[PDB]
Amino acid sequence: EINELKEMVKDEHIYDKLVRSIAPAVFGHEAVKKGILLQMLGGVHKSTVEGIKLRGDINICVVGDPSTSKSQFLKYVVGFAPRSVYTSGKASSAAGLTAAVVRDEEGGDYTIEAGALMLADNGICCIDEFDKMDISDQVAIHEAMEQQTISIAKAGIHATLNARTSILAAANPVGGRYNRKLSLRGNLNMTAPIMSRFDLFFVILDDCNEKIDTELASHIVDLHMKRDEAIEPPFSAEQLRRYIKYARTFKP
DNA sequence: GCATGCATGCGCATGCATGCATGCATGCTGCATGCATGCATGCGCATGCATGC
């Protein structure tokens, strides 16, 4: 088992192979593939003398219209990563994201029930259709992004809970399509505090080129004809999990 | 006229209908617990209208 890990560490094209092993079913879009890997790996958490906490999670937003293949990236991550959750904008309530309190039949105590953000602690939370979120939900997401805590005050229960999680979010342009003549802020529907703390914004735009269309169509038809014998990725999922686990234990 | 035995009251001893308090235990009952139930509340979200531009 260590034989394969030490073989991986040596190869001096390992970065390109790792990039080419992510979301193999999707065609192209290498920038998003790099971003997702960097988000699965992580940064460093630091603390100053004055108790100021320096954050070390990377947050990504993918912007495209309903035509673009932006949900396949999210479905790949929710199938690969160890602790990940998939939620959608209008099928989710605030209590289902932060937490809820229920009482025991045994009597004498209460119990907390975890939400999407708590079930993704030290992990990636996937949100599809970020633009259909309410301001009430966005104030909780902002609290999870600046602080790593969730505050509960309902029915006389006070509790501070840990949400150390990264955000993967997909957003639709405000008017269906992306206006190249406006700025990024003009095309999105987010609160200023939320937009500021996102690290990378990836915009997927369509181009009309014949050779790319031929390649894409060939790929799509190949998958239907040949089932799963149409990928031949450099690495497998079980191989990739082990490398990610090993990589997260280094402190540069 | 004298001697005798019976019936009449004294002079002991014992039992007996009334009557009332006390300590123990019975028997109920008012109190504290637990719980089902259904109406109201305090709340965040989605729609339709009014006011500009």
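Note on naming: letters A, B, ... go to the chains in the order of the sequence lines (proteins, then strands), and numbering restarts at 1 for each one. For the numbers below, each heavy atom of this structure counts, side chains included, while hydrogens, waters and symmetry mates do not.
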Give me the distances for all protein-to-nucleotides 33-36 of chain B N/O pairs that come in under 3.5 Å?
none

Q | Salt bridge flag under 4.0 Å for residues A:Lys211 and A:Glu215 | A | yes
Q: Taking only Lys NZ, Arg NE, NH1 and NH2, and the carboxylate oxygens of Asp or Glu, determine whether A:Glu129 and A:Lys90 approach each other closer than 4.0 Å.
A: no
Q: Could you give me the CA-CA distance, side-chain angles and deciding distance for A:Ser88 and A:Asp128, then say whether side-chain hydrogen bond (donor to acceptor under 3.5 Å, both in side chains) is met?
A: CA-CA 5 Å; A:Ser88 192; A:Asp128 210 313; 5.7 Å; no
Q: List the steps, then state whether side-chain hydrogen bond (donor to acceptor under 3.5 Å, both in side chains) holds for A:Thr149 with A:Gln147.
A: CA-CA 6 Å; A:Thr149 51; A:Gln147 300 171 356; 3.2 Å; yes
Q. Would you say the side-chain atoms of A:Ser21 pair up with the backbone N or O of A:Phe235, donor to acceptor, closer than 3.5 Å?
A. yes
Q.
I'd like to check A:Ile124 versus A:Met40 (side-chain heavy atoms, cut-off strictly below 4.5 Å). Are they in contact?
A. yes
Q) Below 4.5 Å, heavy atoms only, C-beta onward: do A:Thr111 and A:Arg103 meet side chain to side chain? A) no
**Q.** Within residues 129-142 of chain A: residues closer than 4.0 Å to DNA chain B (heavy atoms)
**A.** A:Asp134, A:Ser136
Q. Should the pair A:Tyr246 and A:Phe250 be assigned to parallel (<30°), tilted (30 to 60°) or perpendicular (>60°) ring geometry?
A. perpendicular
Q | Consecutive Watson-Crick or G-U pairs in runs of at least 3, all under 3.5 Å, in which DNA chain B is involved | A | none
Q: With heavy atoms under 4.0 Å as the rule, sort A:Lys90 into base, sugar-phosphate or nothing.
A: sugar-phosphate
